[PDB]
Amino acid sequence: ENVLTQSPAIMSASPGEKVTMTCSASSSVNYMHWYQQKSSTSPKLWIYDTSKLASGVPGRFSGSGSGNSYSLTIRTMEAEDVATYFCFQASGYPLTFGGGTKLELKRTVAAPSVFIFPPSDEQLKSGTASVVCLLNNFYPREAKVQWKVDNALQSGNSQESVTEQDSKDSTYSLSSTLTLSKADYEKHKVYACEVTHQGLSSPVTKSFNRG
Amino acid sequence: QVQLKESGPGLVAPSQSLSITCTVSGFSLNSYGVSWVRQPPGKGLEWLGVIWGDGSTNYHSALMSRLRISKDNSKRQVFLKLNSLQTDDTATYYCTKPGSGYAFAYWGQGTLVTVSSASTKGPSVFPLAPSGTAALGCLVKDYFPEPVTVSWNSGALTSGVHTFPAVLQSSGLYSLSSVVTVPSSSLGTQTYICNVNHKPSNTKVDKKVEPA
Ligand SMILES: CC(=O)N[C@H]1[C@H](O[C@H]2[C@@H](O)[C@@H](CO)O[C@H](O[C@@H]3[C@H](O)[C@@H](O)[C@H](O[C@H]4[C@H](O)[C@@H](O)[C@H](O)O[C@@H]4CO)O[C@@H]3CO)[C@@H]2O)O[C@H](CO)[C@H](O)[C@@H]1O[C@@H]1O[C@H](CO)[C@H](O)[C@H](O[C@]2(C(=O)O)C[C@H](O)[C@@H](NC(C)=O)[C@H]([C@H](O)[C@H](O)CO)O2)[C@H]1O
């Protein structure tokens, strides 16, 4: 099986920067192909036979390589080039793809705005309580959220979810959901959400009192 | 105008078989190969097989045994049958036409296929009520299988909306939030409805979100 390893998995670039990702093949091939994919929709063919541009692809894109070692290059990074790029060989069976190189846009540090939502009265009637912390419009991606109920640290009773880089302002958003039983929620008072993030000099806390 | 379009079940039980039809147009199956690719949720791409113009077939060796590809050139259709289903056959399936460089030049939309024995389950929808800027949202809890779509005021409100990717709960059910930031001044006058559609259970729910 011709395993295609792509370097790097994840990288960022400001507008106008030159970018170069690589594909490195376990067995020599003579022709490498590349697809571009945006946010779960169908891949588009982007480059075929190592360096020919497909229909629709701007001139800033090119490809190159031989044998074991190929690459896609963008002359000057643009906002609409945010995608995951997959290499592909059809020189022998099985036909194989790379793991993809995810390309995102650089921008400046941005601290999150932090909101916290008590559980609805609608949900409480049904017997569960979900407490939601929203971290909004931050950059870069990495962000620690931990929960406190009456100042006791919670552990593995919450999950995170994260937006793809926003296409207007190039930021992320994060939702954390602390799950409890109706009874357990109803025997404490102060629910708190402590977010830590590089754009903050000191971690920000948001809380509410149950009533 | 080369076009492909897949249609399959969406949810099938393990050990049953997945049947997907690709319906093409703008080229002739007598002269042209159609390939099949799949993408497991949140992972990359895997090639499955091909049926060429002449009727012959090359399958991926991990699967040459559980997979068949066939066609009816007249009906404009390519068929994929995959047996002895496993949980990791869960994936979005595409069909493709090789063109330039024998690389995949044209792709269908894709159909999500979830491999599980469990029954469909529509979500509960709960509001995340507001407290310059105010945040409000919808929590969409305990549905199966994917996907749900969310919109605000029937597509009229897109500025400031973040709909999160779905997270898997301990129940084995999905959950997902959509939030939107608006000005706090607009809470009195304006009306925020969230529009949640779960096609697999046939659920539509419109939740007016009110101030706390
Ligand atoms: C010819 C061949 O061997 N085809 C293989 C194919 O081999 C490729 C592949 O490995 C690539 C890497 O992706 O490397 C070589 O090709 C290079 C370039 O990628 C390619 O663009 C370039 O093409 C030239 C071409 O040679 C010139 O003649 C042309 O004028 O210009 C172009 C542009 O430069 O050539 C490069 C090498 O010099 C390899 O050739 O690999 C795939 C797997 O990925 C298959 O194995 C192909 O072989 C098929 O095998 C099946 C049986 O298993 C059939 O025999 C099939 O034939 C048909 C079919 O039955 O469907 C015959 C039909 O007549 C034909 N239809 C038409 C209208 O021609 C179709 C059709 O060609 C295909 O369905 C694609 O749509 O194929 C074999 O094709």
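Taken together, the values in this text are just the output of simple stated rules run on the coordinates, not laboratory data. Counting neighbours? That spans all protein chains shown, and the Cβs are built from the backbone with ideal geometry, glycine included.
Can you tell me which residue within segment B:19-62, out of those that are charged (D, E, K, R) and under 17 Å from B:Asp89 (Cα atoms), is surrounded by the fewest Cβ atoms within 10 Å (Cβ to Cβ)?
Initially, segment B:19-62 is screened for residues charged (D, E, K, R), giving B:38, B:43, B:46, B:54.
Imposing the further condition that a residue be under 17 Å from B:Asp89 (Cα atoms) reduces the set to B:38, B:43, B:46.
On the way: B:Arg38: 20, B:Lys43: 12, B:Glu46: 18.
Ranking the qualifying residues of segment B:19-62, first place goes to B:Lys43.
In segment B:45-68, the residues that are under 15 Å from A:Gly92 (Cβ atoms) and more than 11 Å from chain A (Cβ to nearest Cβ) never reach a residue that is within 11 Å of the ligand (Cβ to nearest atom) and aromatic (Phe, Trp, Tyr) with C-beta atoms less than 8 angstrom apart, at least six apart or across chains. Considering segment B:40-64, and only residues there that are part of a strand (DSSP E or B) and more than 13 Å from the ligand (Cβ to nearest atom), the residue that is farthest from the chain's Cα centre (by Cα) turns out to be B:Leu48.
Here is a yes/no grid of residues against (1) more than 14 Å from chain B (Cβ to nearest Cβ); (2) more than 16 Å from the ligand (Cβ to nearest atom); (3) surrounded by 16 or more Cβ atoms within 10 Å (Cβ to Cβ):
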residue	(1), (2), (3)
A:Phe61	yes, yes, yes
A:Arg75	yes, yes, no
A:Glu80	yes, yes, no
A:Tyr85	no, yes, yes
A:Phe88	no, no, yes
A:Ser91	no, no, yes
A:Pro94	no, no, yes
A:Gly98	no, no, yes
A:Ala110	yes, yes, yes
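Among the residues of segment A:115-168, those that are closer than 23 Å to A:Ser202 by Cα, more than 8 Å from chain B (Cβ to nearest Cβ), of a type in the set (S, T, N, Q) and surrounded by 15 or more Cβ atoms within 10 Å (Cβ to Cβ) comprise A:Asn137, A:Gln146, A:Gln154, A:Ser158. I'd like to check something: does segment A:180-189 contain any residue that is surrounded by 13 or more Cβ atoms within 10 Å (Cβ to Cβ) and of a type in the set (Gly, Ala, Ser)? No, segment A:180-189 contains no residue that is surrounded by 13 or more Cβ atoms within 10 Å (Cβ to Cβ) and of a type in the set (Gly, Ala, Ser).
Of the residues examined, A:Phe61 is not one that is of a type in the set (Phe, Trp, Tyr) and touching a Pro at 6+ places or on another chain (Cβ under 7 Å).
Across segment B:22-33, not a single residue is classified as more than 10 Å from chain A (Cβ to nearest Cβ), more than 16 Å from the ligand (Cβ to nearest atom) and in a loop (DSSP other than H, G, I, E, B).
Within the group B:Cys194, B:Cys138, which residue is more than 11 Å from every other protein chain (Cβ to nearest Cβ), buried (at least 22 other Cβ atoms within 10 Å of the Cβ), within 14 Å of B:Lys208 (Cβ to Cβ) and in contact with a strand residue (DSSP E or B) (Cβ under 6 Å, 6 or more places away or on another chain)? Steps first, answer last, please.
Working: B:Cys138 fails: more than 11 Å from every other protein chain (Cβ to nearest Cβ).
Of B:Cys194, B:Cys138, the one residue that is more than 11 Å from every other protein chain (Cβ to nearest Cβ), buried (at least 22 other Cβ atoms within 10 Å of the Cβ), within 14 Å of B:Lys208 (Cβ to Cβ) and in contact with a strand residue (DSSP E or B) (Cβ under 6 Å, 6 or more places away or on another chain) is B:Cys194.
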